[PDB]
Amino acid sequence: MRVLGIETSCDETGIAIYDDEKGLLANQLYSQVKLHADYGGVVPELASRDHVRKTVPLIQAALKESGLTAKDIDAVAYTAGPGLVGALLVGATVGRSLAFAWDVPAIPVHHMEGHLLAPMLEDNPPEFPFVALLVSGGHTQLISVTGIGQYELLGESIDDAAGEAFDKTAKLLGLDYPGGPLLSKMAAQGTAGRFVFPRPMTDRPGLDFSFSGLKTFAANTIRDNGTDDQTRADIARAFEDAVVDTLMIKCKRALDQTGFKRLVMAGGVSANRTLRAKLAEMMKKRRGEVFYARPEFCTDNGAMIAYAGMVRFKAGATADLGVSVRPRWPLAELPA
C-alpha cells in the first residue's frame, strides 16, 4: 500500500509518498522562509499564495521521483489542521479533489499527530506506551501515549512554546526569522556557565511549562552586557542550556509519573542537537530509550503526513466529499 501525503499547514509545502512494504518513496519540500524573513514572521496571505505555486508541482515531482503513476497510489492524505487556515486550505482542496479524481480515499491528518509519529519513520520505532514531548513553533506538550489516538495530556505551556522562545530570543540576538537553528549554532561557540537562566516551573512539582520569563531574562542580559560576538554566543548557550534542562527535568517527571520506559520527542525543536544528546544521556541512566526522527523530519515535512495518513487510513479515518480545516485542533480530541 502507498499513500500520497500533503503538508501545507504554515510555511513549508511538503509532499511525500510512503509505501508500507518499501518505505519512503518520495519526499519533496519547499520552504518559504526567505519570503517571510523580510517581515519577521509568517505573512498569511503570502504563505497561502505560495502554497498555490508549489503544491501541484511538488506533487508532480513526487510521482516522478518515485517513478509511480496515479494508479499506484492507494490514498491521499493531507494536513487539515492545526495551522493557518489560508495555508491549510490550499493543501486540503488540492488533496481532497485529487482523491476524488483518482477515486481513492482522502485522509485528513492532524499536523501534530504527524510530528508525533515521525519517529516511526526510522529504524527501531517506539512501541506503546511512551511519553511524548511535542516541542514545536507554537506547541509544547507532554503526552502519555498508549496507542493510536490515545493521547492524554500531562503538561503544556501556559504562555510561549519552546520554538517561539528560541525564535524570539534569536531575534534579540540580531538573527533572521526563524532564528532558532542559528541560535543553536551560535550557542556551540559559547562558554558554558558564563550566564545562568532560570528553569521556569522546575521548583514546584508539576508538568506544565512557561518560557516567556526566559525571553525577559535574555533581553536584560543582552542589555547589561557587551555586544561582541562571544558575549552573544554565551547568551545563546545559556538560553539553550536552560530550555534543554527545563525540557529534560519535565520529561523526567512525566516518566516518573507514568512509570514509562520510553521517551519520544517530536516537533521542530526536537532537531536541537543539545536536546537530543541530553535526552539520550538521560534515557541511558534510566535504562530506557529515547526516540526521535532525523533532523529534517522534526521540522515540518510531508513524510510524516504520508506516514500518519497511512496509519489513519488503516484506522478508518476517511473523509466524505466536503473539505474542512481546523486551525485549532487539540490533539487530545482525536479518536483512538
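Sequential numbering from 1, following the sequence displayed.
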| property | result |
| --- | --- |
| Entry-level comparison of average CA B-factors, 196-204 and 120-128, reporting the higher stretch | 196-204 |
| Greater mean Cα temperature factor according to the PDB record, 322-330 or 7-15 | 322-330 |
| Out of 235, 145, 265, 88, highest CA B-factor residue | 235 |
| Of the residues 191, 79, 136, 97, the one carrying the largest Cα B-factor as recorded | 191 |
| Record-listed C-alpha B factor of residue 115: chain third | lowest |
| Third of chain Cα B-factors occupied by residue 257 | highest |
| Third assignment of residue 240 from its chain's C-alpha B-factors | middle |
| Cα B factor band for residue 184 (lowest, middle or highest third within the chain) | middle |
| CA B-factor ranking of residue 74, expressed as a third of its chain | lowest |
